[PDB]
Amino acid sequence: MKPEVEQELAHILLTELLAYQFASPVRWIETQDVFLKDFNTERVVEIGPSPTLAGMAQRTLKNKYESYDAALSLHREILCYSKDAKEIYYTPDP
Amino acid sequence: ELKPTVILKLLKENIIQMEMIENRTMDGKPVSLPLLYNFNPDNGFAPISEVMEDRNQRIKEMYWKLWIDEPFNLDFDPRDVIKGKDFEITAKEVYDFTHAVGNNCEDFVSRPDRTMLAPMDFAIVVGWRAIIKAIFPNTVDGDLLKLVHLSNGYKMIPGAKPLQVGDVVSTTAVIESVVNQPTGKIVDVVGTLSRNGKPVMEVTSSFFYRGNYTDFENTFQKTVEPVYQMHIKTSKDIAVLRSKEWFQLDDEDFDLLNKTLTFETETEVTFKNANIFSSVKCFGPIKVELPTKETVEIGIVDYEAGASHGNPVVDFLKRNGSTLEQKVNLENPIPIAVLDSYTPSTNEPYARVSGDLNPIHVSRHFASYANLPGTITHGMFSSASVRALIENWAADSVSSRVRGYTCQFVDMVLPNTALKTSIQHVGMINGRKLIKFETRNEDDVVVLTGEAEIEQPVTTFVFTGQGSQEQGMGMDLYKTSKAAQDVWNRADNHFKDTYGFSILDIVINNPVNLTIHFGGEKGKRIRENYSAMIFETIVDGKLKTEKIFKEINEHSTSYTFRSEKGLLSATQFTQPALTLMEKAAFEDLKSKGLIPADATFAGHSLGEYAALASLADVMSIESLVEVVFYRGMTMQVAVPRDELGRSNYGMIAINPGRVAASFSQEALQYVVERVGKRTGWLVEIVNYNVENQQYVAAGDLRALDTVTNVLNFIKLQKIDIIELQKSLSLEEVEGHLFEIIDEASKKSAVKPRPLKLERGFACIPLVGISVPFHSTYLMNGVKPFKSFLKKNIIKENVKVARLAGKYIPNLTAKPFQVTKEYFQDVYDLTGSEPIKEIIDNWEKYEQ
């Protein structure tokens, strides 16, 4: 496959993905199994003005990754941008 | 054991041989260094004159039998690449090294069902015999005793795995530049490691023969300069580019305008002296960035100069072009830890494991022969004794995070001394962390400076959709950040040039009434943009395209937007504030370089547009803000509203862990599907937020007061659906469920149409929304949004590399790939003609 054809296929695929977001249910429970299991991410950084997608990932890890995060023995740093900006910017207090 | 260390004797009548036995060898056989001296009896004051002639090659031969297993040879040119014999990594080669240096890394231990990783300072062990072989040739003449290893860096290349056990890693090397300093001679040599053919890491090696060297004929500087990117936005710098003789083009009339030129520049530099360059020759390819994002050769840098005092090409590009990667500092350096390490009693445990048997580490007689205060600990050991504490904290005891590591050797250390390394975090480099270390002994004296370029852990970005609407969101960031300023301004400029209002005004003071005046020549383009937006709804089962703003035509002077409290409550002004302040937040973190190059990102409902515009930049912020506005208006008029503006749809935030303990997420979807089939009113689980604890159902206002009352009965009766369908009877719970739904749906038809939706024991009605989005209700309204999306998102700006494996939709919720099976999956979930156009012609696209 050419980079030109792969590019237009990406453009087409993202068009109907975006177009059918409001026209399909948000399957986020198993999206939480794409970055917490399939990629094994250690920082769940939320971008937004309140912790909406932070209390879902912590409670997803408490519910069905307490024994997966004990088997691999990895620490998931669950933050937001509005609440815990002191940690993402790496700007502690003296 | 009491071994002979010195044999002093006459060799001939007038010649003394003082011989120094060194015992610790590859083959157990001790090696003699016969230092010759002349005893002149006629010169009574200083009769002992050292034989300086024939001295460097005798020191070389001695060192050869400690470092080089090959035959003793010095008639190989330094310029020519030097090969290393293929060196493999075992589990013993990790246990002896890590115990010797105290590298207490569990990734370097044997744990079941995972490969053993190796220390990044084992790479010197891998490639010592190739790296040091560089300095040996007779044109690189010097005294190896006085030779000070200055610096020793590693750069684990982007995309390759760090070293593991088994991995048979070939070594090569070449001498970057040999330069006669006034104080001596600094040979810079790079000794890369190659596994499975491909290079793994480059291992920089700066050596210093201290002395006075006139051999400038043997000096050269074959520096492979970093690539330099520069955007060609003007026709002023073009004229500058065309005036540059070095800059030659394969196409002389090639459009350089609005392109991106990268320059893989390498400069060879020969010398008359340490200052003036006999020959300067900058060459390399010039790579224009094609819209597909690939880099194609369009020309050649070909500089040719005699008596030059600098590289014009680098001088030109470093000012007028970027390095491809710009670091940023911290506001304050982080005082990580002031830790203490101890050099070991003996330097034998490291000398043996590495195969660096330089006697100045072991032989007290060789040590004092070179004026050193005793048997000097290996510099590389101290390097591994501080990099283990750099691998201990910054990389959270992980080995794959380490990319770079440079360690200048400043002070000479005796065995049994108490070091004090103050670890200092300084800035970011494109996500990765810059850590500056500074080792001081017992007496506060600098010993080891340098740094480590450590990857941050794998990161995931979760962009919030809608939710809490607030006046003055991200105004503090807007006042402070330079990126936040740029993005908001851009948004605002696009808004006032496209839709005739200021996004800043709305978020700042939240006006109740905003009047868009189509007043002038500019006003007409705004009116055409407002009468250009279409949506599609079903009345009497017909696919008709209705007009957004039914009270706007071409006689319409001014439109008014209204709100009860404030316009930040209306979705079409709320959502552009949220997606802008998110994008601002991300462009502040990117400006601070806190974004990993391979970090995944999954957006929620609205966040996916912020995420894509953020991580991919496939649409401009000018495109994003008008895309969320068009959707926010499409998400407004999609439902039929009464004269007051209220509709018969709405949300709930289902908590199935509050109705029953054994109430699974197969039971809530079964109850909602059965209610939709019984009552005949639309209700759908539209948000799979948290497993059995947080959902959202979208449908009719009546249809969300029957499932609530079905879950109010089931809690107060204590009857499960998943037990009785299995262990009692087959398809009896289907009939027994429709009578509970018939009871719940009879009381939910009596009340009028603008019904007050109740908060159940396991249901919370999400106020401020009355549109069923993420449901089947908007199947009709999808088609016009395609015609909208095509104009906005351009195919040239879509980068497949940046999206691949990182962009996780909320449709499929998989790693984005350009494969037939992914398009099949998207067709299965959403029936579309252009997906099956590809699937059928899949093999035609293949070739």
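Its PDB header names cryo-EM as the technique used to obtain the model and reports a resolution of 3.70 Å.

*Asks:* Quick rundown of the side chain of B:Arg55? Include the residues and the values.
*Replies:* Residue and element names in this part refer to chain B. As for its placement among the helices and strands, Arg 55 is situated in the loop between β4 (48-50) and α1 (56-67). Taking the relative accessible area as the measure of exposure, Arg 55 reaches 8% and is therefore buried. Of note is the side chain of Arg 55, whose polar atom sits 2.9 Å from the side chain of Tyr 369. In contact with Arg 55, other than residues within four places in its own chain, are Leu 35, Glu 50, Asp 143 and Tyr 369.

*Asks:* Provide a residue-level description of the pairing of strand β17 (residues 295-302) of chain B, including the pertinent values.
*Replies:* Residues and elements named next belong to chain B. The sheet contact formed by strand β13 (residues 247-249) and β17 spans three bridges and is antiparallel. When the sheet's bridge partners are listed, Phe 247 is paired in β17 with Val 301. Here strand β16 (residues 279-289) pairs with β17 via seven bridges, running antiparallel. Its bridge partner being in β17, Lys 287 is matched across the sheet by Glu 297. Where β16 folds back on β17, the antiparallel hairpin that results is connected by five residues, among which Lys 293 adopts a positive phi of roughly 95°.

*Asks:* Lay out unusual backbone geometry in plain terms, naming residues and giving numbers.
*Replies:* Most peptide bonds are trans, and most residues other than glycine sit at a negative phi. Unlike most non-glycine residues, A:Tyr90 shows phi in positive territory, near 65°. Summarising the element assignment, A:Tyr90 is placed in the segment after α5 (85-88). Here A:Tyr90 falls in the buried class, since its relative accessible area comes to 15%. Although it is not a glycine, B:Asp113 sits at a positive phi angle of roughly 65°.

*Asks:* Residue-level account of the interface of chain B and chain A, with values.
*Replies:* Listed per partner, the contact involves 91 residues of chain B and 59 residues of chain A. Carbon and sulfur atoms supply 68% of the area buried between chain B and chain A, which totals about 7100 Å² over both sides. On the chain B side of the interface with chain A, the three residues burying the most area are B:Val462, B:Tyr688 and B:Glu691, jointly 10% of the side's total. Our count for the contact surface shared by chain B and chain A stands at one salt bridge. As a salt-bridge pair, B:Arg401 and A:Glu42 come within 2.6 Å of each other at their nearest N and O atoms. On inspection of chain B and its partner chain A, the count reaches 27 residue pairs in polar contact. Where strand β1 (residues 43-47) of chain A meets strand β23 (residues 459-463) of chain B, five bridges bridge the pair, whose relative direction is parallel. Across the sheet, residue A:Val45 finds its bridge partner in β23(B), namely B:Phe461.

*Asks:* Tell me about the sheet that holds strand β2 (residues 15-22) of chain B, and name the residues and values.
*Replies:* Two pairing modes exist for strands in a sheet, parallel and antiparallel, and in both the strands are linked by backbone hydrogen bonds. Residue and element names in this part refer to chain B. Sheet architecture is open: four strands sit in the order β1-β2-β3-β4, paired in antiparallel fashion. What marks the edges here is a single partner per strand, and that holds for β1 (6-10) and β4. The sheet shows a mean angle of 30° between the axes of neighbouring strands, direction not considered. Inspection of the sheet shows β2 paired to strand β3 (residues 31-39) by eight bridges, in the antiparallel sense. Its bridge partner lying in β3, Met 20 is registered against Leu 33. α1 rests against β2 and β3 of the sheet, and its axis sits at about 170° to β3.

*Asks:* How would you explain the environment of B:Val140 if you had to name every residue and give the values?
*Replies:* All names here are of chain B. Structurally, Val 140 can be placed in the loop between α4 (128-131) and β6 (148-156). The class for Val 140 is buried, based on a relative accessible area of 3%. Through-space distance from the C-alpha of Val 140 to that of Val 178 is 8.0 Å; in sequence the pair is 38 residues apart. Sequence-distant contacts of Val 140, defined by excluding residues within four places in its chain, comprise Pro 78, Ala 134, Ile 135, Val 187 and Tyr 209.

*Asks:* If you had to explain the sheet that holds strand β28 (residues 600-602) of chain B to someone new, which residues and values would you point to?
*Replies:* Strand order in this open sheet of five strands is β2(A)-β1(A)-β23(B)-β28(B)-β32(B), and the pairing throughout is parallel. Each of the sheet's edge strands pairs with one partner strand only, and the pair in question is β2 (77-79) of chain A together with β32 (807-808) of chain B. Here three bridges tie β1(A) to β2(A), and the two strands are oriented parallel to one another. Directly across from A:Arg43, in β2(A), lies its bridge partner A:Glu77.

*Asks:* Residues and numbers for the packing of aromatic side chains, please.
*Replies:* Describing an aromatic ring pair means giving the distance of the ring centres and the angle of the ring planes. Under the definition given, this model contains 47 aromatic pairs over all chains. Ring geometry for A:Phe22 versus B:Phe785: centroids 5.4 Å apart, planes at 50°, classification tilted. Within this pair, whereas A:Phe22 is found in the loop between α1 (3-19) and α2 (32-38), its partner B:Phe785 is found in helix α21 (residues 783-792), the two belonging to separate chains. Here the aromatic rings of B:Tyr688 and B:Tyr695 are separated by 6.1 Å at their centres, their planes lie at 80°, and the arrangement is edge-to-face. With a relative accessible area of 2%, B:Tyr695 lands in the buried category. Members of the aromatic cluster, connected to one another through ring pairs, are B:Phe495, B:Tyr499, B:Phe501, B:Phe518, B:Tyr530, B:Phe549, B:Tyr559, B:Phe561, B:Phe573 and B:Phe629. In this arrangement the basic side chain of B:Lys133 is found over the ring face of B:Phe76, its NZ or CZ atom lying 3.2 Å from the centre. Taking the ring centre of B:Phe761 as reference, the NZ or CZ of B:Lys715 above it sits at 4.6 Å.

*Asks:* Describe helix α13 (residues 521-530) of chain B, listing the residues and the values that go with them.
*Replies:* Residues and elements named next belong to chain B. Listed in full, the buried residues belonging to α13 are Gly 523, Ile 526, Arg 527 and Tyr 530. Projection of α13 onto a plane perpendicular to its axis shows the buried side chains occupying an angular sector of 100°, all on one side. Exposed side chains of α13 directed beyond 90 degrees from the buried face belong to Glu 521 and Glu 528. The inward-facing, buried residues of α13 contact α11 (482-498), β24 (513-517), β27 (558-562) and α16 (621-637).

*Asks:* An account of the domain arrangement of chain B is needed here, citing residue identities and associated values.
*Replies:* Its domain assignment divides chain B into domain 1 (53-211 + 327-456), domain 2 (212-326), domain 3 (457-511 + 567-640 + 769-809), domain 4 (512-565), domain 5 (641-768) and domain 6 (810-847). Once you take the C-alpha centre of each, domain 2 of chain B and domain 4 of chain B turn out to be 54 Å apart.

*Asks:* Tell me about the nonpolar core, residues and numbers included.
*Replies:* Residue and element names in this part refer to chain B. Grouped together as the largest cluster of nonpolar side chains are 114 residues, with contacts concentrated most on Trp 488, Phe 501 and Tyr 530. In terms of residues, this core owes the most to one element, α16, which gives 10 residues. Discounting residues that sit within four places of it in the chain, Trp 488 has contacts with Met 473, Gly 474, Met 475, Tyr 478, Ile 503, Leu 504, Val 507, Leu 580, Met 581 and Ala 584. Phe 108, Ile 360, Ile 390 and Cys 407 belong to the second largest nonpolar core, which has 90 residues in total.

*Asks:* Hey, could you go over the packing of helix α14 (residues 571-591) of chain B against α16(B) for me, with residue numbers and the actual values?
*Replies:* All names here are of chain B. One way to put it is that α14 packs onto α16 with a least axis distance of 8 Å and a crossing angle of 150°. As summarised for this structure, α14 and α16 are arranged roughly antiparallel, according to the angle between their axes. Viewed along their axes, α14 and α16 form a crossing whose handedness is right-handed. Across the interface between the two elements, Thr 571, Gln 572, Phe 573, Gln 575, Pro 576, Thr 579, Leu 580 and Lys 583 from α14 touch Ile 621, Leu 624, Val 625, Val 628, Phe 629, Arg 631, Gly 632, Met 633, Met 635 and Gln 636 from α16.

Rules of the game
Residues numbered from 1 in each chain as written, not as in the entry; some residues may be left out. Chains lettered and ligands numbered in written order. Part of a larger assembly, values for the part shown. Heavy atoms only, no water. Helix = DSSP H or I, 4+ residues; strand = E, 2+ residues; numbered from the N terminus. Buried < 20%, exposed > 50% of the residue type's maximum accessible area, 1.4 Å probe, protein only. Polar contact = N/O pair within 3.5 Å; in protein donor to acceptor, adjacent residues only side chain to side chain. Contact = heavy atoms within 4.5 Å. Pairing = 2+ DSSP bridges. Buried area = accessible area lost by both parts, 1.4 Å probe. Salt bridge = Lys/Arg side-chain N within 4 Å of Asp/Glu carboxyl O. Axes fitted to C-alpha atoms, helices over the stretch in contact; angles between N-to-C directions. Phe/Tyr/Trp six-rings, centres within 6.5 Å; stacked < 30°, edge-to-face > 60°. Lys NZ or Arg CZ within 6 Å of the ring centre and 35° of its normal. Arc of directions from axis to C-beta. Domains from an automatic or database assignment. Core = buried A, V, L, I, M, F, W, Y, C linked by side-chain atoms within 4.5 Å. Parallel < 35°, antiparallel > 145°, perpendicular 65-115°, else oblique. Left-handed = near helix turned anticlockwise from the far one by under 90°.

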